[PDB]
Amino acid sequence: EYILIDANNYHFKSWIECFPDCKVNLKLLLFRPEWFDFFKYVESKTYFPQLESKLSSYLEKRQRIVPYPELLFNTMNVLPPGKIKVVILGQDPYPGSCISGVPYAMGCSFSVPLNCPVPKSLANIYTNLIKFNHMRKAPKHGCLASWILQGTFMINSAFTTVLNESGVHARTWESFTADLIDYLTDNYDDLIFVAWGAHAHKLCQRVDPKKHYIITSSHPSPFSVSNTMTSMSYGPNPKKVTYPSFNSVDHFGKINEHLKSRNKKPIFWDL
């Protein structure tokens, strides 16, 4: 309904259509109740009114923000933080769109609605799935709802960008995303975090390696699918460590075997 999206049947309220006044709320956008305890939490914080204020100021300006609100906090609105298994982080949402005007951005990472082009990060992901026997034919689409439902928490480390402009709302959503990740690693237990690229790695330093399992490699962008990534370690005593390349890791074949080794209903990836 909100994740099985078809761009040919894409009829969602705009920001101004969902916020007729420039003042922006976030209580509205969050549906699934299993989040309020975190959400109410971040309202006690101080960056939160300034955050809605920045967003409003963007609509005052008047930006073409994507993703559209009724898909912002999407993965949250369909994954309760309890029936979650894997946390995959995207850096910055898809900035492009289509001649139809539909944004690639469906409020979650690496996923695009149906009948929409498949970017090459996602395609290199499919290449991997095929390489490690997790899929036979790479699908014609990039709707990753069947992954989200099964418990794959795919989000962008910056929930909004302005259409056609890339990496614009970092220092706005940092304070939100950091608290989200801290909430996850602290309150909940035996999650699996996946670090694709340097930025998601930086975000996975905030995680408790005593509790959770962390897969780490380079990013699925064509610039890096074949390149190692040299960064730091996870633990308290860091060493200079080189993590493998996206095409040299069984990213999805480690998730399932860990979840089984913790007696958890695995994740059927193929489509």
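All residue numbers are counted from 1 along the displayed sequence.
Q: Read off the CA B-factors in the entry, average them over 14-22 and over 251-259, and name the higher stretch.
A: Averaging CA B-factors over each stretch, the winner is 14-22.
Q: Of 223-231 and 46-54, which one has the bigger average CA B-factor?
A: Stretch with the greater average CA B-factor: 46-54.
Q: Going by the deposited entry, which of 207, 215, 241, 29 has the highest CA temperature factor?
A: By C-alpha B-factor in the record, 29 ranks first.
Q: Check the PDB entry and point out which of 128, 74, 100, 185 has the largest C-alpha temperature factor.
A: Spelled out: the listed residue with the top C-alpha B-factor is 100.
Q: Just say lowest, middle or highest third for the CA B-factor of residue 201 relative to the other modelled residues in its chain.
A: Lowest third of the chain for residue 201's C-alpha B-factor.
Q: Among the modelled residues of its chain, does the C-alpha B-factor of residue 180 lie in the lowest, middle or highest third?
A: Its C-alpha B-factor, which the entry lists for residue 180, ranks in the middle third among residues of this chain.
Q: Consider only the C-alpha atoms of the modelled residues in this chain, order them by B-factor as the entry records it, and name the third containing residue 169: lowest, middle or highest.
A: Answer is middle: the recorded C-alpha B-factor places it there.
Q: How does the C-alpha B factor of residue 141 compare with the rest of the chain: lowest, middle or highest third?
A: Middle third of the chain for residue 141's C-alpha B-factor.
Q: Could you say whether, by C-alpha temperature factor, residue 194 belongs to the lowest, middle or highest third of its chain?
A: Lowest third of the chain for residue 194's C-alpha B-factor.
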